[PDB]
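Going by the order they are written in, the chains are A, B, C, D and E; count residues from 1 in each one.
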Amino acid sequence: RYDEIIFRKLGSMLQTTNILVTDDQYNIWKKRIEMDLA
Amino acid sequence: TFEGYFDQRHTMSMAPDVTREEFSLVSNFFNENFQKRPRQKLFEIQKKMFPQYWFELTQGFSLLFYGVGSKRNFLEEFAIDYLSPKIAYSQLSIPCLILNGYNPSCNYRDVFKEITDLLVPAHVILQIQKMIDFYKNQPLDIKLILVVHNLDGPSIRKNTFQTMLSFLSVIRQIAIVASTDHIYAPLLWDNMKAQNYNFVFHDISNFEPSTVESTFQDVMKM
Amino acid sequence: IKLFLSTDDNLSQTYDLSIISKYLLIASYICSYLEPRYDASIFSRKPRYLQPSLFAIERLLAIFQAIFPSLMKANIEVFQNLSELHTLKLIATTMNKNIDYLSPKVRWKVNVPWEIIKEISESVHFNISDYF
Amino acid sequence: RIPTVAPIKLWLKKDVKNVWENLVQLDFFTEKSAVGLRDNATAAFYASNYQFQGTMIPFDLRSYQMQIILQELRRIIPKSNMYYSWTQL
Amino acid sequence: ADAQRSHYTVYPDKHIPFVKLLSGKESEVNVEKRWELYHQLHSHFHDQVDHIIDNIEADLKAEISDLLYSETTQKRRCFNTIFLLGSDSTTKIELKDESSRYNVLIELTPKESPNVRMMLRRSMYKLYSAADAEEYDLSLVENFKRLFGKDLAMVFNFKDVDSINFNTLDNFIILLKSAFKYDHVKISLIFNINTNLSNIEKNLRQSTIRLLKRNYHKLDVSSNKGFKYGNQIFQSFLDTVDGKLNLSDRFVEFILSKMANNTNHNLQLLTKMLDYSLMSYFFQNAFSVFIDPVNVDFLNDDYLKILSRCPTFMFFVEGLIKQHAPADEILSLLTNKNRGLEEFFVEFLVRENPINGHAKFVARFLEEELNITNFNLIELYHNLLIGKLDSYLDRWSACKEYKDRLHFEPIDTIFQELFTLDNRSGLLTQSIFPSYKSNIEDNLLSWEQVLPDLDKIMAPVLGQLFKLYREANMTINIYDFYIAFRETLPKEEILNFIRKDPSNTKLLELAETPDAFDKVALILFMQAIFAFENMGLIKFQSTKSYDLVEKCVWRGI
């Protein structure tokens, strides 16, 4: 990844802040349980 | 590391001499041909910070541009093409003052004449004190945009010049944009100046060649 | 009795300084009184009555990094505190007219006596006395 | 060199400063390179403008020199003085 | 050209600085509501701050005026002295416009005092100019009452005592002492002292100091004074919040770190972080719209994704699974039907946190009933957030009588994360306390973190040359450095890159020269060294030889 790196280096507020779980990680967590849910 | 500091008959005539005109040849061609697109790509991406820069300027935070490479062109695009037109077409043509620090012939008294004419309705510090008392009652509206290229310039490094610029940022109706190149630039400012400047720092290193600043110092002396 | 036991000609925690500020001054006195010969011998892992000598800015930062409690690095605050000491006149420069810090020919020296720095190290728990 | 106690003040470094100032006024001491009085007003004009090293270095590190040699001290100081025994080395 | 001039002036929908969130899905109305909500709190914050700042200055001028006119009936004509400890050149003093006595303020900068001759002339020049507006030596002082028919009271403002040549100042003070022969003249002296009285007591002659000590007043004007104003501003920050936002332990931790790095100007640095954090929340977080629970009806499925990823909700879902809650309830909330949890979220918005009320209670209780003032509210609030307030209260021995009252129970309310301030990605450090020296070195070394057919191979010379600078010794034989730099260059690829231009004759003209590679390397080398000269990287030995250079910085320090 490059855009996140340059945003972090530039100190821009466009880059997201990692206080919440990432969208990809939470999506994987939801899907791995939904596939075994029904 | 610091340990790398404690752990530390040829002449230049042995190198082939290059004339002044020959020097400008190779530099100009490679400054355009070499690393053309990636630097332009980085520049275009960096334009996305204009709303954040514009937001920060309105709140009263000076913007300091630092990093490797020339920063004259970046400041020109921001203030002229984005900053000045947007303020006028949103507050309802804002004058922009450009100061060159790379020129060693710059004089602070000549600069202050423009400030008095453009802001003061008709011993420099005493006049600045009058302005602060005037703009207290004035509405918090941006009136003049100030850009100071090379705040580490040879005629600008001096303490008297630094004090003059630092007092200007106290008045909220003036927008200040500055750029520096020296590594020890923060040493030039103590608490009394850093508080007045009210900087917000941005690393804007672009590796842009400094053709303009290279004109005021001869390479033949090397 | 207590009136005569002191002259009281004196005009009257003597210097409120930050943690970064305290180590900055401690490192400088080493530069102003220790020979450059001994910089590598003491600090690398490989005169009280004389007037202080000059030193370069690179010598100060290296020693400051060397004794600061992994590296400390030199952010804006470190230089911000360093310039204030010059403004506070605890460190002197080699000029009197048109002060320009970034001019390479200017050197630095310590304007603080031994007795003041003695008490500074006590609040820091840095044992300067063993370096001489 | 005094018998002790069976169950002379050292003046503080601050109070000596006035004592130190008196000796420079009375010309017992003199600065390391004290040129002194100039001969002409134009020459003195440069002196009144130039700032020497001694005007900037701390009060406790200004180098001085002496007008009276210890031998002359021992020739003049009364033998009743307690520090007479310290006139020599 | 215009760039050759020292300075020159250039003349050139309705924009709102905020930008769309949710990849442009954010509505126009919400941004304006976001724009308006930010202004509401931001203006509310500054109204208390500006009142406090103006109150502080009013107190200072009141005290300064009191000292200047605390008329002491000394039998001897002597100076009136005020020592402004920790002051700056920015402060100002205004005098009474009395009838019988003409009051004039005299400023004395170190630039105006190179010698005693200059001091006397300039002081009289300013005195005459002020006297000229009534309707250059001491004879003007003697002639003043006959010239203008009024008594003269002079106040000398030593705007910066430290930089003043004490030898000149010591002589000038004695010069002013001759004014006591006149009966119509009175003099006052104001000293701007930065560090302490100790600097004065060293450089001034001890005979001079006995003049000042006869009539003097000692005053402190530093902004930092027993957390008296820092607590008030920090509490006012909580007050203007009105419980609509919260603080994390990490954020207060960062504030406590930077507060100790400045001694006399914390308030302006404190204001930077609080406002910048307030700015950050509105620009980044979309849930700032729901500060007012009226705006709840604006929810979309995208907002539920943010709600789904709240730490207090991530484990709450697994609590239902592990406590055998019905799977239909879990299925209903995850597949976003009937969205009943939003009412619980509505409650959290309404729920006032007792943290602010208890802390304000404790602060008032400490100030008024325990009479404790030597304390920091930022530390007090941080211990509350960590839940370690009991240890913090143990600092003071008088808390024993009321530890049960002052004890508080922090609770991690659900969805509080969306309304807390924290330092998590360094966005509050990369732009406010940057590693200015470190960033340049990293950019010089790691160029790939900045930049995204010779361009694909060779990095910029400025960064590449820095590698040799780190490897170089303290002093450099530039000819050897030039050769060393030349050996690293891709000669054949560069020469083939030079030849690519078909019509640039001046480039091809040099390409015929076998020494062009040496010339091209030197042109790149000399230009780079000049850039190194500007950046403070290299310093020449031109007094001995231009062919040797010395390093001026090292990596990682």
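The rule we apply is simple: a residue touches a chain if its C-beta (ideal position, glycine included) is under 8 Å from a C-beta of that chain, and two chains touch if they have at least 3 such contacts.
Set against the Cα centre of chain D, the chain with the most distant centre is A.
Rounded to whole angstrom units, the spacing between the C-alpha centres of chain A and chain B is 37. In whole angstrom, the spacing between the mean C-alpha positions of chain A and chain D is 76.
Averaged C-alpha coordinates give centres for chain D and chain E that are 48 Å from one another. A separation of 29 Å divides the Cα centre of chain C from that of chain D.
Of all residues in chain C, those that touch two or more other chains are 9-10, 58, 61-62, 65, 71, 76, 79-80, 87, 102.
Residue positions 6, 9-11, 13 of chain A are each in touch with at least two other chains. In chain D, 14, 18, 51, 56, 58, 60 are the positions where the chain touches two or more neighbouring chains simultaneously.
In this structure, the chains touch in the following pairs: A-B, A-E, B-C, B-E, C-D, C-E, D-E. Within the complex, the chain B residues that touch chain E are 1-2, 4-5, 8, 10-12, 14-16, 18, 22-23, 25-27, 29-30, 33-39, 41-42, 51-52, 54-55, 58-59, 61, 66-69, 72, 80, 84-86, 88-90, 93-100, 103, 105-107, 110-111, 114, 118, 129, 160, 181-186, 191-192, 195-196, 198, 200-203, 205-207, 209-210, 212-214, 217, 219, 221-222. Within the complex formed with chain A, the residues of chain E that make contact are 280, 283-284, 305-306, 308-311, 314, 331, 334, 417, 422, 424-427, 430-431, 434, 449-450, 452. Interface residues of chain A, counted against chain E in their complex, comprise 2, 5-6, 8-11, 13, 15-21, 23, 26, 30, 37. Listing the residues of chain D that touch chain C in their complex gives 13-15, 18, 51, 56-58, 60-61, 63.
Interface of chain C with chain E (complex): residues 9-12, 14-21, 58, 61-62, 65, 71, 73-77, 79-81, 87-90, 102, 104.
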